[PDB]
Number of protein chains: 2
Amino acid sequence: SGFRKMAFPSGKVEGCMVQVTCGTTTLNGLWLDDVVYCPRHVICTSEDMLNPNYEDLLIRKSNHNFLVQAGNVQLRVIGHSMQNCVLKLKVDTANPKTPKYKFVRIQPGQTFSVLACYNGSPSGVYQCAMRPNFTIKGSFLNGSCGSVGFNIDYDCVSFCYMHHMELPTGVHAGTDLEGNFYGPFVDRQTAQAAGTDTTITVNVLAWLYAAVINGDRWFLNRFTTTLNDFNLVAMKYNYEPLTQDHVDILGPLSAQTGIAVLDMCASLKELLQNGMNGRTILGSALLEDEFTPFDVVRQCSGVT
Amino acid sequence: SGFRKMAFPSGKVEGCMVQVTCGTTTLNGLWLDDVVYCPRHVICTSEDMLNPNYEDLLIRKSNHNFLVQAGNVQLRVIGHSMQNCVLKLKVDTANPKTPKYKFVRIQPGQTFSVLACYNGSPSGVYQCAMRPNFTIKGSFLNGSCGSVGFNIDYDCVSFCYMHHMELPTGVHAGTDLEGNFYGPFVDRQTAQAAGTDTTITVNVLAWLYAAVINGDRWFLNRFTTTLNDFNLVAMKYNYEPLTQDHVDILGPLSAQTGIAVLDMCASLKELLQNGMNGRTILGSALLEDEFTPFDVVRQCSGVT
Ligand SMILES: Fc1cccc(CNCc2ccco2)c1
Ligand SMILES: Fc1cccc(CNCc2ccco2)c1
């Protein structure tokens, strides 16, 4: 029993983190096989960042201009290319600690773990979701860029995120490991405003299931609803619409608890209309939306 | 910017986790040098657990009765002793992945990271505090016993906790790595009730500082107070008393933000008397007490 905001163990990712320096700019890189992946803005002076032309800035750079340090030992860069907003530095040594891995582009509402690093050294690990506006609410200081988001399936690290930007509102933007930004963001120090940070409805529902499973039941009501009825209320409350895809995914939690998905939807609806009345669920005073259905099953069944 | 509930990277601890089996009972052990530490109740049948005599149960056990598996390779047990509520199994191989480490007995309100494991395999990592009633609010299923709590200072893992018990109320009890329980708990399946789960006042104050630092300022008021005045209100609200020791420790956050500790105390006092009025601080609807002053400095300054 107990339910916790739980990150994947970070060991497999700690073994991939390096320091990348280009001139006076230092940030984190990900060393997988003989490639080091890092934010392309490593090549910019914070002056460059105001309106950088990366292709033109890159012309000025050679393999030897990129310093890669893994522990306190330098790696030899024998090639570099830009892919979208990341640099791929070919090093002469394949990473001894390279885990099995994939690069995956996740969907808004998907959760992942961040290993926050500075100078290629890990400082901490936390659990995140991709917000529906394709931002994340991270904890990231200067030097944290190139810190990565991941999921683990048994022994295979799926890398989904690389940290690039803090927006003026202090939320975070970054790329998949092919250098494609989540959302409409660009690696430039310019006014960029996020869209509406809606609640991930399917995740709240999963966490309501986690709560029932763990004995927090006070909020279970005598009502059910429909997807259409619920989705009218959702809209009003800046909740994401719920689809039959979300209902399908909640099936196993529905089955384990014997609470039909639409009944839990009606429980949620009343929580939205009534608020918590100073009560808590799993020691939270608001509805938590940073557990997926898969997260709740995993934690509640004890997957390793 | 951003503030996150952040665990230490778990890599150094992942490399210490083994499976310990004694008869039909399997749980996690910690392999440091040539010793495997695990809960002594590894020797019990859930029948034994109702009123176990560990010394008498141990007489029946030899070195060879303890099966230790690290990855999928067996370690040879060449000795065993009981120290308080842990078994120390001497193995013939020192752990290649042994980090620099210490065993430390932490104080209530101290935070640490848990690497939740099953069959000596890590499933997740989360950040905890030792509650003032010497329980923790973990996430722990059957097979999680021997999972450990730790802090890291640069390259040195301080092990402070080993998981033993879930109380009937679903909160968790365990030992330091010398097998001494936190609080008045015993490794026995018997009615054991926790005392009052008070709020860690100094930690709430630290997190109020973290909030000011990150731009959440709405709650800052026009009042100050005294330790005595504040401690009257604290008492009423099941907050731990604040000492000059807590004030000393908050000094650096006070200095960085220019908010005197007693002014922040008066801010807290009003939050207690008024509640949040449906507002949030660092995206929380209640006051967070699972960041220490040292946690807030570390995260806000970016230590690795
Ligand atoms: F040069 C290499 C290139 C790719 C893989 C490897 C071996 N990686 C083993 C491993 C997994 C986790 C920690 O170490 C070495
Ligand atoms: F047999 C041994 C006994 C004690 C220590 C060691 C070496 N430990 C090195 C290390 C640190 C982190 C990962 O590996 C080996």
# chains A, B, ... in the order shown; residues from 1 in each chain; ligands from 1
>>> interface_residues(of="chain A", to="chain B", cutoff="7 Å", atoms="only C-alpha atoms", output="ChimeraX atom specification")
/A:1-11,14,118,121-126,137-141,170,285-286,302-304
>>> write_last_selection(atoms="N, CA and C atoms", output="PDB file, in the first residue's frame")
ATOM      1  N   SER A   1       0.847  -1.220   0.000  1.00  0.00           N
ATOM      2  CA  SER A   1       0.000   0.000   0.000  1.00  0.00           C
ATOM      3  C   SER A   1       0.876   1.261   0.000  1.00  0.00           C
ATOM      4  N   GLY A   2       0.219   2.411  -0.039  1.00  0.00           N
ATOM      5  CA  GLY A   2       0.863   3.678  -0.388  1.00  0.00           C
ATOM      6  C   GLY A   2       0.898   3.825  -1.891  1.00  0.00           C
ATOM      7  N   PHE A   3       0.769   5.062  -2.346  1.00  0.00           N
ATOM      8  CA  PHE A   3       0.966   5.446  -3.758  1.00  0.00           C
ATOM      9  C   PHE A   3       1.874   6.670  -3.778  1.00  0.00           C
ATOM     10  N   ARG A   4       2.924   6.627  -4.593  1.00  0.00           N
ATOM     11  CA  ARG A   4       3.979   7.665  -4.624  1.00  0.00           C
ATOM     12  C   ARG A   4       4.204   8.105  -6.064  1.00  0.00           C
ATOM     13  N   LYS A   5       4.495   9.388  -6.259  1.00  0.00           N
ATOM     14  CA  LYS A   5       5.048   9.901  -7.532  1.00  0.00           C
ATOM     15  C   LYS A   5       6.444   9.272  -7.677  1.00  0.00           C
ATOM     16  N   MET A   6       6.575   8.334  -8.593  1.00  0.00           N
ATOM     17  CA  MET A   6       7.712   7.395  -8.625  1.00  0.00           C
ATOM     18  C   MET A   6       8.404   7.565  -9.968  1.00  0.00           C
ATOM     19  N   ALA A   7       9.707   7.819  -9.966  1.00  0.00           N
ATOM     20  CA  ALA A   7      10.511   7.854 -11.208  1.00  0.00           C
ATOM     21  C   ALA A   7      11.046   6.449 -11.465  1.00  0.00           C
ATOM     22  N   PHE A   8      11.386   6.143 -12.707  1.00  0.00           N
ATOM     23  CA  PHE A   8      12.191   4.948 -13.043  1.00  0.00           C
ATOM     24  C   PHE A   8      13.549   5.081 -12.360  1.00  0.00           C
ATOM     25  N   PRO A   9      14.214   3.950 -12.022  1.00  0.00           N
ATOM     26  CA  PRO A   9      15.586   4.006 -11.519  1.00  0.00           C
ATOM     27  C   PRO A   9      16.428   4.671 -12.620  1.00  0.00           C
ATOM     28  N   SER A  10      17.379   5.518 -12.254  1.00  0.00           N
ATOM     29  CA  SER A  10      18.105   6.397 -13.203  1.00  0.00           C
ATOM     30  C   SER A  10      19.460   5.814 -13.623  1.00  0.00           C
ATOM     31  N   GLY A  11      19.900   4.727 -13.003  1.00  0.00           N
ATOM     32  CA  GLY A  11      21.238   4.139 -13.213  1.00  0.00           C
ATOM     33  C   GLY A  11      21.612   4.043 -14.686  1.00  0.00           C
ATOM     34  N   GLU A  14      22.199   7.536 -15.957  1.00  0.00           N
ATOM     35  CA  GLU A  14      23.409   8.129 -15.339  1.00  0.00           C
ATOM     36  C   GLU A  14      24.651   7.746 -16.164  1.00  0.00           C
ATOM     37  N   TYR A 118      23.909  18.620 -14.427  1.00  0.00           N
ATOM     38  CA  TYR A 118      24.732  19.845 -14.619  1.00  0.00           C
ATOM     39  C   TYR A 118      26.205  19.458 -14.826  1.00  0.00           C
ATOM     40  N   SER A 121      26.894  15.740 -14.922  1.00  0.00           N
ATOM     41  CA  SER A 121      26.706  15.069 -13.609  1.00  0.00           C
ATOM     42  C   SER A 121      25.243  15.120 -13.183  1.00  0.00           C
ATOM     43  N   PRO A 122      24.634  13.952 -12.898  1.00  0.00           N
ATOM     44  CA  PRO A 122      23.253  13.886 -12.415  1.00  0.00           C
ATOM     45  C   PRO A 122      23.069  14.487 -11.020  1.00  0.00           C
ATOM     46  N   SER A 123      22.108  15.397 -10.840  1.00  0.00           N
ATOM     47  CA  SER A 123      21.778  16.017  -9.530  1.00  0.00           C
ATOM     48  C   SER A 123      20.505  15.391  -8.936  1.00  0.00           C
ATOM     49  N   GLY A 124      19.573  14.944  -9.763  1.00  0.00           N
ATOM     50  CA  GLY A 124      18.315  14.408  -9.238  1.00  0.00           C
ATOM     51  C   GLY A 124      17.490  13.755 -10.298  1.00  0.00           C
ATOM     52  N   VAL A 125      16.437  13.057  -9.872  1.00  0.00           N
ATOM     53  CA  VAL A 125      15.459  12.421 -10.792  1.00  0.00           C
ATOM     54  C   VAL A 125      14.042  12.718 -10.288  1.00  0.00           C
ATOM     55  N   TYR A 126      13.157  13.092 -11.208  1.00  0.00           N
ATOM     56  CA  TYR A 126      11.726  13.337 -10.901  1.00  0.00           C
ATOM     57  C   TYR A 126      10.869  12.797 -12.037  1.00  0.00           C
ATOM     58  N   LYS A 137       6.589  20.846 -16.686  1.00  0.00           N
ATOM     59  CA  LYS A 137       6.829  21.654 -15.476  1.00  0.00           C
ATOM     60  C   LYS A 137       7.965  20.948 -14.762  1.00  0.00           C
ATOM     61  N   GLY A 138       9.168  21.353 -15.126  1.00  0.00           N
ATOM     62  CA  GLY A 138      10.409  20.716 -14.689  1.00  0.00           C
ATOM     63  C   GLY A 138      10.968  21.470 -13.515  1.00  0.00           C
ATOM     64  N   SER A 139      12.155  21.065 -13.109  1.00  0.00           N
ATOM     65  CA  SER A 139      13.059  21.822 -12.232  1.00  0.00           C
ATOM     66  C   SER A 139      14.397  21.815 -12.956  1.00  0.00           C
ATOM     67  N   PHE A 140      14.769  22.957 -13.544  1.00  0.00           N
ATOM     68  CA  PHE A 140      15.906  23.112 -14.489  1.00  0.00           C
ATOM     69  C   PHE A 140      16.552  24.484 -14.329  1.00  0.00           C
ATOM     70  N   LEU A 141      17.801  24.522 -13.857  1.00  0.00           N
ATOM     71  CA  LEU A 141      18.638  25.749 -13.744  1.00  0.00           C
ATOM     72  C   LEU A 141      19.551  25.853 -14.975  1.00  0.00           C
ATOM     73  N   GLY A 170       8.517  30.262 -17.049  1.00  0.00           N
ATOM     74  CA  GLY A 170       9.263  29.332 -16.184  1.00  0.00           C
ATOM     75  C   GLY A 170       8.834  27.884 -16.373  1.00  0.00           C
ATOM     76  N   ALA A 285      -4.485  17.707  -2.090  1.00  0.00           N
ATOM     77  CA  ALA A 285      -5.669  18.591  -2.001  1.00  0.00           C
ATOM     78  C   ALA A 285      -6.166  18.948  -3.413  1.00  0.00           C
ATOM     79  N   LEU A 286      -5.408  18.651  -4.463  1.00  0.00           N
ATOM     80  CA  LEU A 286      -5.947  18.803  -5.840  1.00  0.00           C
ATOM     81  C   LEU A 286      -5.893  17.449  -6.552  1.00  0.00           C
ATOM     82  N   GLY A 302       3.543  -3.860  -9.114  1.00  0.00           N
ATOM     83  CA  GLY A 302       4.941  -3.976  -8.638  1.00  0.00           C
ATOM     84  C   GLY A 302       5.913  -4.446  -9.714  1.00  0.00           C
ATOM     85  N   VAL A 303       5.738  -3.977 -10.957  1.00  0.00           N
ATOM     86  CA  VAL A 303       6.629  -4.302 -12.113  1.00  0.00           C
ATOM     87  C   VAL A 303       8.038  -3.809 -11.768  1.00  0.00           C
ATOM     88  N   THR A 304       9.078  -4.541 -12.204  1.00  0.00           N
ATOM     89  CA  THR A 304      10.524  -4.174 -12.133  1.00  0.00           C
ATOM     90  C   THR A 304      11.139  -4.226 -13.542  1.00  0.00           C
TER      91      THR A 304
END
>>> residues_around(residues="residue A:200", least_positions_apart="4", cutoff="8 Å", atoms="only C-alpha atoms", output="ChimeraX atom specification")
/A:109,131-132,204,239-240,289-290
>>> closest_residue(among="B:217, B:49, B:232, B:133", to="residue B:184", atoms="only C-alpha atoms")
B:133
>>> select_by_dssp(residues="stretch 53-246 of chain B", states="strand (DSSP E)", output="JSON, numbers by chain")
{"B": [66, 67, 68, 69, 70, 73, 74, 75, 77, 78, 79, 80, 81, 82, 83, 86, 87, 88, 89, 90, 91, 100, 101, 102, 103, 111, 112, 113, 114, 115, 116, 117, 118, 121, 122, 123, 124, 125, 126, 127, 128, 129, 148, 149, 150, 151, 152, 153, 156, 157, 158, 159, 160, 161, 162, 163, 164, 165, 166, 172, 173, 174, 175]}
>>> select_by_dssp(residues="stretch 132-292 of chain B", states="helix (DSSP H, G or I)", output="PyMOL selection string")
chain B and resi 201-213+227-236+244-257+261-274
>>> residues_near_ligand(ligand="ligand 2", cutoff="12 Å", atoms="only C-alpha atoms and all ligand atoms", output="VMD selection string")
(chain A and resid 11 14 to 15 97) or (chain B and resid 10 to 16 31 to 35 91 to 101 155 to 157)
>>> residues_around(residues="residue B:219", least_positions_apart="3", cutoff="8 Å", atoms="only C-alpha atoms", output="PyMOL selection string")
chain B and resi 216+267+271
>>> write_last_selection(atoms="C-alpha atoms", output="compact mmCIF listing (two decimals), in the first residue's frame")
# COMPACT_ATOMS: atom_id res chain seq x y z
CA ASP B 216 4.87 32.07 -6.10
CA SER B 267 3.04 34.05 6.52
CA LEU B 271 -1.99 30.28 5.83
>>> residues_around(residues="residue B:90", least_positions_apart="5", cutoff="10 Å", atoms="only C-alpha atoms", output="ChimeraX atom specification")
/B:31,33-37,63,75-81
>>> atom_distance(atom1="atom CA of residue B:203", atom2="atom CA of residue B:163")
23.2 Å
>>> atom_distance(atom1="atom CA of residue A:112", atom2="atom CA of residue A:151")
5.4 Å
>>> atom_distance(atom1="atom CA of residue A:145", atom2="atom CA of residue A:164")
5.1 Å
>>> residues_around(residues="stretch 255-259 of chain A", least_positions_apart="2", cutoff="8 Å", atoms="only C-alpha atoms", output="PyMOL selection string")
chain A and resi 209+212-213+251-253+261+263-264
>>> write_last_selection(atoms="N, CA, C and O atoms", output="mmCIF file, in the first residue's frame")
data_model
loop_
_atom_site.group_PDB
_atom_site.id
_atom_site.type_symbol
_atom_site.label_atom_id
_atom_site.label_comp_id
_atom_site.auth_asym_id
_atom_site.auth_seq_id
_atom_site.Cartn_x
_atom_site.Cartn_y
_atom_site.Cartn_z
ATOM 1 N N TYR A 209 -8.602 5.765 -9.526
ATOM 2 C CA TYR A 209 -8.497 4.299 -9.347
ATOM 3 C C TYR A 209 -7.398 3.964 -8.327
ATOM 4 O O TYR A 209 -7.704 3.166 -7.411
ATOM 5 N N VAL A 212 -8.779 4.592 -4.857
ATOM 6 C CA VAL A 212 -9.730 3.535 -4.413
ATOM 7 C C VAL A 212 -8.927 2.308 -3.974
ATOM 8 O O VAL A 212 -9.154 1.805 -2.855
ATOM 9 N N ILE A 213 -7.999 1.858 -4.814
ATOM 10 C CA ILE A 213 -7.138 0.665 -4.565
ATOM 11 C C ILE A 213 -6.444 0.789 -3.209
ATOM 12 O O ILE A 213 -6.330 -0.238 -2.523
ATOM 13 N N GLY A 251 -9.749 0.255 -18.669
ATOM 14 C CA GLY A 251 -10.425 -1.053 -18.512
ATOM 15 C C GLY A 251 -9.893 -1.873 -17.336
ATOM 16 O O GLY A 251 -10.654 -2.251 -16.446
ATOM 17 N N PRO A 252 -8.578 -2.180 -17.293
ATOM 18 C CA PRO A 252 -8.019 -3.001 -16.221
ATOM 19 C C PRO A 252 -8.220 -2.436 -14.805
ATOM 20 O O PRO A 252 -8.448 -3.215 -13.875
ATOM 21 N N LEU A 253 -8.168 -1.113 -14.653
ATOM 22 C CA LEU A 253 -8.397 -0.473 -13.333
ATOM 23 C C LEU A 253 -9.881 -0.619 -12.981
ATOM 24 O O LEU A 253 -10.214 -0.951 -11.813
ATOM 25 N N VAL A 261 -15.850 2.746 -15.726
ATOM 26 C CA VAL A 261 -15.084 3.981 -16.057
ATOM 27 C C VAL A 261 -16.023 5.196 -15.974
ATOM 28 O O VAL A 261 -15.628 6.239 -15.389
ATOM 29 N N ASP A 263 -18.763 5.608 -14.248
ATOM 30 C CA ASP A 263 -19.093 5.878 -12.832
ATOM 31 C C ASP A 263 -17.977 6.738 -12.227
ATOM 32 O O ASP A 263 -18.305 7.689 -11.506
ATOM 33 N N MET A 264 -16.713 6.370 -12.457
ATOM 34 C CA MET A 264 -15.547 7.133 -11.946
ATOM 35 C C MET A 264 -15.573 8.514 -12.593
ATOM 36 O O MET A 264 -15.288 9.471 -11.879
#
>>> decode(residues="stretch 128-253 of chain A", atoms="C-alpha atoms", output="short mmCIF file (atom, residue, chain, number, x, y, z; two decimals), in the first residue's frame")
data_model
loop_
_atom_site.label_atom_id
_atom_site.label_comp_id
_atom_site.auth_asym_id
_atom_site.auth_seq_id
_atom_site.Cartn_x
_atom_site.Cartn_y
_atom_site.Cartn_z
CA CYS A 128 6.93 14.49 -15.27
CA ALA A 129 4.16 14.50 -17.86
CA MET A 130 4.18 16.11 -21.31
CA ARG A 131 1.49 18.83 -20.65
CA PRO A 132 -1.29 19.06 -23.30
CA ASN A 133 0.30 22.41 -24.43
CA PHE A 134 3.60 20.40 -25.08
CA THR A 135 5.41 22.06 -22.16
CA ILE A 136 6.68 20.25 -19.03
CA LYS A 137 6.83 21.65 -15.48
CA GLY A 138 10.41 20.72 -14.69
CA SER A 139 13.06 21.82 -12.23
CA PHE A 140 15.91 23.11 -14.49
CA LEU A 141 18.64 25.75 -13.74
CA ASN A 142 21.29 27.15 -16.23
CA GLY A 143 23.55 24.25 -17.35
CA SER A 144 20.63 21.69 -17.19
CA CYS A 145 20.09 21.68 -21.03
CA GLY A 146 20.68 18.19 -22.58
CA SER A 147 19.15 16.56 -19.43
CA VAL A 148 16.83 13.77 -20.84
CA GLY A 149 13.36 12.30 -20.16
CA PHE A 150 12.99 8.51 -20.37
CA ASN A 151 10.76 5.49 -19.72
CA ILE A 152 12.17 1.95 -18.99
CA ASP A 153 10.47 -1.27 -20.27
CA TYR A 154 12.35 -4.02 -18.26
CA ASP A 155 15.94 -3.43 -19.61
CA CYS A 156 15.25 -1.01 -22.55
CA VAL A 157 15.47 2.82 -21.98
CA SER A 158 13.00 4.72 -24.23
CA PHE A 159 14.38 8.30 -24.50
CA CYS A 160 11.47 10.67 -25.22
CA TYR A 161 12.76 14.14 -24.18
CA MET A 162 15.85 16.38 -24.18
CA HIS A 163 15.74 19.69 -22.25
CA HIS A 164 16.35 22.88 -24.34
CA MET A 165 14.35 25.99 -23.18
CA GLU A 166 12.77 27.71 -20.18
CA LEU A 167 9.84 29.92 -21.42
CA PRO A 168 9.48 33.38 -19.80
CA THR A 169 6.67 31.80 -17.62
CA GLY A 170 9.26 29.33 -16.18
CA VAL A 171 7.78 26.19 -17.85
CA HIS A 172 10.11 24.04 -19.94
CA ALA A 173 10.35 23.11 -23.64
CA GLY A 174 12.50 20.49 -25.38
CA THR A 175 12.78 17.94 -28.17
CA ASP A 176 12.55 14.23 -28.84
CA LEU A 177 16.01 12.63 -29.48
CA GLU A 178 15.67 13.45 -33.24
CA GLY A 179 15.72 17.14 -32.25
CA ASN A 180 12.04 17.83 -33.04
CA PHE A 181 10.47 20.20 -30.47
CA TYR A 182 7.37 19.13 -28.56
CA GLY A 183 4.85 21.85 -29.51
CA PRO A 184 5.47 25.01 -31.60
CA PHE A 185 8.65 26.11 -29.75
CA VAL A 186 12.02 27.05 -31.32
CA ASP A 187 15.51 27.20 -29.71
CA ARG A 188 15.62 31.05 -29.64
CA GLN A 189 15.53 33.65 -26.79
CA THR A 190 12.22 35.18 -28.00
CA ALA A 191 8.74 35.67 -26.41
CA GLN A 192 7.10 32.23 -26.70
CA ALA A 193 3.77 31.77 -24.88
CA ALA A 194 2.37 28.31 -24.01
CA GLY A 195 -1.29 27.48 -24.79
CA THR A 196 -3.87 26.42 -22.15
CA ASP A 197 -2.40 24.01 -19.58
CA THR A 198 -5.45 21.66 -19.46
CA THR A 199 -5.72 18.75 -16.95
CA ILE A 200 -4.98 15.22 -18.33
CA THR A 201 -8.45 13.74 -17.56
CA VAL A 202 -7.49 10.06 -18.29
CA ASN A 203 -4.53 10.43 -15.82
CA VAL A 204 -6.77 11.94 -13.06
CA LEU A 205 -9.14 8.96 -13.54
CA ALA A 206 -6.19 6.49 -13.31
CA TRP A 207 -5.14 8.23 -10.04
CA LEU A 208 -8.74 8.09 -8.72
CA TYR A 209 -8.50 4.30 -9.35
CA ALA A 210 -5.06 4.24 -7.54
CA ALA A 211 -6.80 6.02 -4.61
CA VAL A 212 -9.73 3.54 -4.41
CA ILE A 213 -7.14 0.66 -4.57
CA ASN A 214 -5.25 2.30 -1.60
CA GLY A 215 -8.40 2.85 0.55
CA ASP A 216 -9.18 6.56 -0.20
CA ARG A 217 -12.89 6.05 -1.19
CA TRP A 218 -14.77 9.10 0.33
CA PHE A 219 -15.16 10.71 -3.16
CA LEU A 220 -16.98 7.68 -4.75
CA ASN A 221 -20.56 8.88 -5.49
CA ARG A 222 -23.93 7.27 -6.45
CA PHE A 223 -23.90 8.66 -10.05
CA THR A 224 -22.73 7.67 -13.52
CA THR A 225 -22.53 9.83 -16.69
CA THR A 226 -21.80 9.52 -20.45
CA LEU A 227 -18.66 10.56 -22.40
CA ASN A 228 -20.71 13.43 -23.98
CA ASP A 229 -22.17 14.66 -20.64
CA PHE A 230 -18.77 14.32 -18.91
CA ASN A 231 -16.96 16.06 -21.85
CA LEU A 232 -19.33 19.10 -21.52
CA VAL A 233 -18.23 19.46 -17.82
CA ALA A 234 -14.54 18.67 -18.73
CA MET A 235 -14.49 21.50 -21.37
CA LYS A 236 -15.79 23.97 -18.70
CA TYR A 237 -13.04 22.96 -16.15
CA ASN A 238 -9.99 23.02 -18.58
CA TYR A 239 -9.93 19.20 -18.53
CA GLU A 240 -8.88 17.37 -21.76
CA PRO A 241 -11.80 15.59 -23.48
CA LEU A 242 -12.10 11.84 -22.67
CA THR A 243 -12.21 9.49 -25.74
CA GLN A 244 -13.22 5.79 -26.03
CA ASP A 245 -9.41 5.26 -26.34
CA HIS A 246 -9.02 6.63 -22.73
CA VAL A 247 -11.95 4.41 -21.54
CA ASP A 248 -10.34 1.33 -23.19
CA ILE A 249 -7.02 2.09 -21.45
CA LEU A 250 -8.74 2.39 -18.01
CA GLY A 251 -10.42 -1.05 -18.51
CA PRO A 252 -8.02 -3.00 -16.22
CA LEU A 253 -8.40 -0.47 -13.33
#
